[PDB]
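A.B. asks: I have a structure I would like to understand better, so I am pasting it below and will then ask my questions one at a time.
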Amino acid sequence: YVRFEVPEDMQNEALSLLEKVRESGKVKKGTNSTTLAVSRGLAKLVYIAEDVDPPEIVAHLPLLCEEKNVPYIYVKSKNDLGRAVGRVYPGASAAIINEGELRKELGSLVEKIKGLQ
RNA sequence: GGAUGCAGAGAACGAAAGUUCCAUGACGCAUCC
Ligand SMILES: [Ca+2]
Ligand SMILES: [Ca+2]
């Protein structure tokens, strides 16, 4: 249930900004903490995996992000989301809570994502 | 065992070889049935 389709280069930009934010920022991984972070108005930018089965697990996300005005982006695999923070483990969804040092980069990314809508 | 919440990384058995679960939330900590 993709709301939009992100092109490959933009997906790579987001997945790379994720690894750069790892150090100086704060990132959560998993559907529980990500949903909480969006509901509490903490998530700067959320990532949703495309290969989630059953897809109903992450389906509630885009509408909640629209409710709370949180930019969401679809990434190809949940394994591409496994390096988000801490232990290497697959993640159906993640969320950058603090941009950290990469402020303008996240700004450009959310501009490009809004461009897709 | 089951339900609910809090938090979010490895956890239980084993001398270890290994066996079994875990961000689709294990392990826990409570309250209840
Ligand atoms: Ca261990
Ligand atoms: Ca032991």
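A.B. asks: Is it true that A:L102 is exposed (fewer than 13 other Cβ atoms within 10 Å of the Cβ), more than 10 Å from RNA strand B (Cβ to nearest atom), closer than 23 Å to A:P7 by Cα and hydrophobic (A, V, I, L, M, F, W, C)?
C.D. replies: Numbers: exposed (fewer than 13 other Cβ atoms within 10 Å of the Cβ): no; more than 10 Å from RNA strand B (Cβ to nearest atom): yes; closer than 23 Å to A:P7 by Cα: yes; hydrophobic (A, V, I, L, M, F, W, C): yes.
Considered against the rule, which asks whether it is exposed (fewer than 13 other Cβ atoms within 10 Å of the Cβ), more than 10 Å from RNA strand B (Cβ to nearest atom), closer than 23 Å to A:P7 by Cα and hydrophobic (A, V, I, L, M, F, W, C), A:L102 comes out as no.
A.B. asks: If you check every pair at least six apart or on different chains, which have Cβ atoms under 7 Å apart with a residue in region A:80-107 that is more than 17 Å from A:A49 (Cβ to Cβ) first and a residue that is among the β-branched types (V, I, T) and not in a loop (DSSP other than H, G, I, E, B) second?
C.D. replies: These pairs meet every condition: A:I97/A:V27; A:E99/A:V21; A:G100/A:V21; A:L102/A:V21.
A.B. asks: Go over the candidates A:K20, A:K112, A:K76 one by one and state the one that is basic (K, R), within 16 Å of RNA strand B (Cβ to nearest atom) and in contact (Cβ under 8 Å) with a residue 60 or more places away in the chain.
C.D. replies: On the way: A:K20 fails: within 16 Å of RNA strand B (Cβ to nearest atom); A:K112 fails: within 16 Å of RNA strand B (Cβ to nearest atom).
It is A:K76.
Read the figures in this text as sums done on the coordinates, not as results from a lab. A quick note on method: Cβ atoms are made from the backbone with ideal geometry, for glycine too, and the neighbour counts reach across all protein chains shown.
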